[PDB]
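Asks: I am attaching a structure below and will ask some questions about it afterwards.
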Amino acid sequence: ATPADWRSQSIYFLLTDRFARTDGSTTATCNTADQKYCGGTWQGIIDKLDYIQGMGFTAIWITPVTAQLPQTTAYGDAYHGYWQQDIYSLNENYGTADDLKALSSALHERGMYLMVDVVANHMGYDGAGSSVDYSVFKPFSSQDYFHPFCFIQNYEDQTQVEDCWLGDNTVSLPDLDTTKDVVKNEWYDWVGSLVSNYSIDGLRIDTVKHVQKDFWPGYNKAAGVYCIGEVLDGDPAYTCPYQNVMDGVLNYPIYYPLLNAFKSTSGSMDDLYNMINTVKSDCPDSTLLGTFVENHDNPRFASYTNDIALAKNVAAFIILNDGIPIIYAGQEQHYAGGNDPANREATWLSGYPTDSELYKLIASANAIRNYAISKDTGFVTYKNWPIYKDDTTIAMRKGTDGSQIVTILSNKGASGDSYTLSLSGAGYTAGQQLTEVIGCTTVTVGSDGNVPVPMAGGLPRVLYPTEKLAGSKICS
Ligand SMILES: *[C@@H]1O[C@H](CO)[C@@H](O)[C@H](O)[C@H]1NC(C)=O
Ligand SMILES: [Ca+2]
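The numbering of the sequence shown is the entry's author numbering, which starts it at 1 and goes up by one.
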């Protein structure tokens, strides 16, 4: 599927080993500290698609599928998929090639997309870097194909970042020489084959900043689908330019201010507001980026605060910002794990409650976003517009005039005071009746133009023209 095809999507990102076992167990042990394979499979995912689609997601992103180093290392098993050894084989832990194709067709039979995580930067090896036996890797079975061993000593040196090895001497990550024509052609041919063999709709590309830029356009083209890159850097001036060589990148620039804005009652709404504008302007296309506040490479949101109302606000933002929302399996169950491997909790241990607070929050927000898109072909291309802020509040507007969604978000928390906010800028016609689609109440636009927004318990508010909801299953 195309970048255009992807704008309207919203992604549930999951760890294949950790989302759902074939046996459907909700009790199967998974001590994250043990870093072992816990049992999750592609077929397990298939059996839980009702749970995923019931939150209003239109796609999933799954961890890499290539066969991994087999050893149980001092850092555990390759359960996450980032330590590949044989790229023309699948990781048997998740099932068979038929299983992967089954997941793909099952997603498609529901009108959903499959996104797959891929690594081009490196392989994985159990052992010291200098001692690597290259013969294990397929097809890159000789030192020939790799950058000479060295570690990234200085991250300000972009040449070191690209030419030296990630990892360490316990689990080393032999770094492919992605400037060699033979390496390019092998990867380019592989990625097209992968996508065709399994009917893959999109790619999430790992460790993008660790590969020289002139590698990516050819890779993206070969893939023949939307590619969104992990560029692990919070500076828009470093990260957005990668969108010049690749369809999208994950929105790490928004990530930091977003997290700070909502992780405490004293978070800076100013930084968030500004970053939205900086990204909107200086990024080739903000609507092709992916928004998230939680993933497998950072502490989970709920690890910073257990305030449910804060979690509600940051989730609403992810869904309603420009670009593609990305929610990380477990976030909807208020998972609170810290840094790797604590943030790789098995989803099945939650019991998959479909009536939990954040599950319902996310369903409501996706419901409106999805509806708005079905009516307003200009929604996805309309660049989100921050219209208001204060010390505890931010409001924003997205959608063609007369059909816009206006979102008011707060970091007051669950003990926030009741009160009324007068909102200038919404651009609704005076006396117009609007629905608040989370709590399902109504409000009328003032004559002064302003909107009388009832604020209570630090809850999120999402407004949308009541007449426009006609015939939707929203708020019945
Ligand atoms: C795609 O299918 C062909 C033929 O079955 C196979 O040889 C090739 O290895 C597959 N490509 C990938 C990336 O697995
Ligand atoms: Ca590299």
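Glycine residues also receive a C-beta, built at the ideal position from the N, C-alpha and C atoms.
1. Under the three-state reduction of DSSP, which class applies to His122: helix, strand or coil?
2. Report all residues from its chain with a CB closer than 6 Å to the CB of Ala426; omit the five preceding and five following residues, and keep chain order.
3. When DSSP builds the beta bridges, which residues end up paired with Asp86?
4. Assuming contact is defined by CB atoms lying nearer than 8 Å, are residue 486 and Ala67 in contact in what I supplied?
5. Look up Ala59 in the DSSP assignment and give the residues it is bridged to.
6. Could you tell me if the beta carbon of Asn366 falls within a distance shorter than 7 Å of some heavy atom in ligand 1?
7. Relative to ligand 1, what is the chain-ordered list of residues with a Cβ closer than 5 Å to any of its non-hydrogen atoms?
8. Excluding the 5 residues flanking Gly449 on each side, which residues of the same chain have their C-beta closer than 7 Å to its C-beta?
9. Tell me the DSSP secondary structure of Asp181 in three-state form.
10. Quick one: what's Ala395 bridged to in DSSP?
11. Between the alpha carbons of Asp177 and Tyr335, how many angstroms are there, rounded?
12. Mapping the DSSP letters down to three states, classify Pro148 as helix, strand or coil.
13. Would the region 338 to 348 count as touching the region 432 to 442 if we require 3 or more Cβ pairs under 8 Å?
14. With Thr442 and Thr420 assumed to form a contact (beta carbons below 8 Å), what rounded beta-carbon distance in angstroms separates them?
15. What separation, rounded to the nearest whole angstrom, lies between the Cα atoms of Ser303 and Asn274?
16. Beta-carbon within less than 7 Å of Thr278's beta-carbon, same chain only, minus the 5 sequence neighbours each way: which residues are those?
17. Using a Cβ-based criterion (distance less than 7 Å to any ligand heavy atom), does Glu230 qualify as near ligand 2?
18. How many angstroms separate the CA atom of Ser142 from the CA atom of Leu100?
19. I'd like to know whether the C-beta atoms of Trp42 and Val171 end up nearer to each other than 8 Å.
20. Please find out if some non-hydrogen atom of ligand 2 comes closer than 7 Å to the beta-carbon of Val211.
21. What did DSSP end up calling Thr435 once you bin it into helix, strand or coil?
22. Let me check understanding here. Comparing Cα to Cα, which of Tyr12, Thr2, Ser8 and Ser135 lies closest to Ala315?
23. Out of curiosity, what's the CA-to-CA distance linking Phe137 and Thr22?
24. Measure from the alpha carbon of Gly234 to the alpha carbon of each residue in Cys475, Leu258 and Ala120, then state which is nearest.
25. Spell out a yes or no on whether the region 192 to 205 and the region 141 to 156 are touching, meaning 3 or more CB-CB pairs, one atom from each, closer than 8 Å.
26. Counting pairs of beta carbons, one from the region 398 to 413 and one from the region 366 to 375, are three or more of them closer than 8 Å?
27. Does the beta carbon of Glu186 fall short of 7 Å from some heavy atom of ligand 2?
28. Who does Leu463 pair with in a DSSP beta bridge?
29. Let me check understanding here. Comparing Cα to Cα, which of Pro174, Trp385 and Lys312 lies closest to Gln331?
30. Beta carbon of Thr444: closer than 7 Å to some heavy atom of ligand 2?
31. Suppose you measure from the CA of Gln9 to the CA of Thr58; what does that come to, to the nearest Å?
32. Taking 8 Å as the limit between beta carbons, can you name the residues of its chain near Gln212, skipping five residues before and five after?
33. Evaluate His108 with the Cβ neighbour count: other Cβ atoms within 10 Å of its Cβ, from every protein chain shown; 16 or more gives buried, anything less gives exposed.
34. If you follow the beta strand (DSSP E) that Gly337 is part of, which residue opens it and which one closes it?
35. Quick one: does the C-beta of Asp168 sit closer than 7 Å to a heavy atom of ligand 2?
36. Can you tell me whether DSSP reads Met246 as helix, strand or coil?
Replies: On the basis of the data shown:
1. Here residue 122 is taken as the residue at index 122 of the sequence shown, counted from 1. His122: strand per DSSP, three-state reduction.
2. The residue you call residue 426 lines up with position 426 of the sequence shown. Once the five neighbours on either side are set aside, the close Cβ partners of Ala426 are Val406 and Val451.
3. Residue numbering aside, residue 86 sits at position 86 when the sequence shown is read from its first letter. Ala67 and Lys138, per the DSSP bridge assignment.
4. In the structure displayed, the chain extends from 1 to 476; residue 486 sits before or after that span and is not available.
5. Taking the first residue of the sequence shown as 1, we reach residue 59 at position 59. In the DSSP assignment, the residues bridged to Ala59 are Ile11 and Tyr113.
6. In the sequence shown, counting from the first residue as 1, residue 366 sits at position 366. No; taking the cut-off as 7 Å, the Cβ of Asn366 has no heavy atom of ligand 1 nearer than that.
7. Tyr88, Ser193, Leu194 and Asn197
8. The count along the sequence shown starts at 1 and reaches residue 449 at position 449. Answer for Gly449: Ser424 and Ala430, listed in chain order.
9. Position 181 of the sequence shown, counting from 1, holds the residue named residue 181. The three-state reading of DSSP puts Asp181 in helix, counting H, G and I together.
10. Indexing the sequence shown from 1 puts residue 395 at position 395. Partner(s): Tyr388 and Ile408.
11. Translated into positions along the sequence shown, residue 177 becomes position 177. Translated into positions along the sequence shown, residue 335 becomes position 335. Whole-angstrom Cα-Cα distance: 39 Å.
12. In the sequence shown, counting from the first residue as 1, residue 148 sits at position 148. The answer is coil: DSSP assigns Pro148 none of H, G, I, E or B.
13. no
14. As a first step, residue 442 must be located in the sequence shown, where it is residue number 442. As a first step, residue 420 must be located in the sequence shown, where it is residue number 420. Not confirmed; about 15 Å, so no contact.
15. Taking the first residue of the sequence shown as 1, we reach residue 303 at position 303. Taking the first residue of the sequence shown as 1, we reach residue 274 at position 274. Their Cα atoms are separated by approximately 25 Å.
16. Here residue 278 refers to the residue found at position 278 of the sequence shown. Contacts found: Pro236.
17. On the sequence shown, position 230 is the one that residue 230 refers to. No, the beta carbon of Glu230 sits no closer than 7 Å to any heavy atom of ligand 2.
18. Position 142 of the sequence shown, counting from 1, holds the residue named residue 142. Position 100 of the sequence shown, counting from 1, holds the residue named residue 100. Answer to the nearest angstrom: the Cα atoms are 29 Å apart.
19. Within the sequence shown, residue 42 is the residue found at index 42, counting from 1. Within the sequence shown, residue 171 is the residue found at index 171, counting from 1. For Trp42 and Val171, no; Cβs fall outside 8 Å.
20. Start at 1 with the first residue of the sequence shown, and residue 211 comes out as number 211. Yes, since a heavy atom of ligand 2 falls inside the 7 Å radius drawn around the Cβ of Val211.
21. Position 435 of the sequence shown, counting from 1, holds the residue named residue 435. When secondary structure is reduced to three states using DSSP, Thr435 falls in the strand class.
22. Counting from 1 along the sequence shown, the entry for residue 315 is found at position 315. Comparing Cα positions, the closest option is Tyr12.
23. As a first step, residue 137 must be located in the sequence shown, where it is residue number 137. As a first step, residue 22 must be located in the sequence shown, where it is residue number 22. Near 29 Å, if we compare the C-alpha coordinates of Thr22 and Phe137.
24. Reading the sequence shown from its first residue, position 234 is the one you call residue 234. Checked all of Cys475, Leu258 and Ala120; the closest Cα to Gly234 is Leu258.
25. no
26. Contact holds between the region 398 to 413 and the region 366 to 375, because three or more Cβ pairs, one in each stretch, are under 8 Å apart.
27. Here residue 186 is taken as the residue at index 186 of the sequence shown, counted from 1. Not under cutoff, so the answer is no.
28. Your numbering for residue 463 matches position 463 in the sequence shown. In the DSSP output, where bridge partners are listed per residue, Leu463 has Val406 and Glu436.
29. As a position in the sequence shown, residue 331 is number 331, starting the count at 1. Closest by alpha carbon: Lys312.
30. Working through the sequence shown from its first residue, we reach residue 444 at position 444. Not under cutoff, so the answer is no.
31. In the sequence shown, residue 9 corresponds to position 9, counting from 1. In the sequence shown, residue 58 corresponds to position 58, counting from 1. The straight-line gap from Cα to Cα measures roughly 6 Å.
32. Sequence index remark: in the sequence shown, residue 212 carries index 212 (1-based). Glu162, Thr178 and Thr179, listed in sequence order.
33. As a first step, residue 108 is located in the sequence shown; it is residue number 108 there, counting from the start. That one is exposed.
34. Here residue 337 refers to the residue found at position 337 when the sequence shown is read from its first residue. That residue, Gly337, is in no beta strand (DSSP E); it is neither H nor E in DSSP.
35. Position 168 of the sequence shown, counted from the start, is the residue given in the question as residue 168. No, the Cβ of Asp168 stays beyond 7 Å of every heavy atom of ligand 2.
36. Locating residue 246 in the sequence shown gives position 246, where the first residue counts as 1. Coil.
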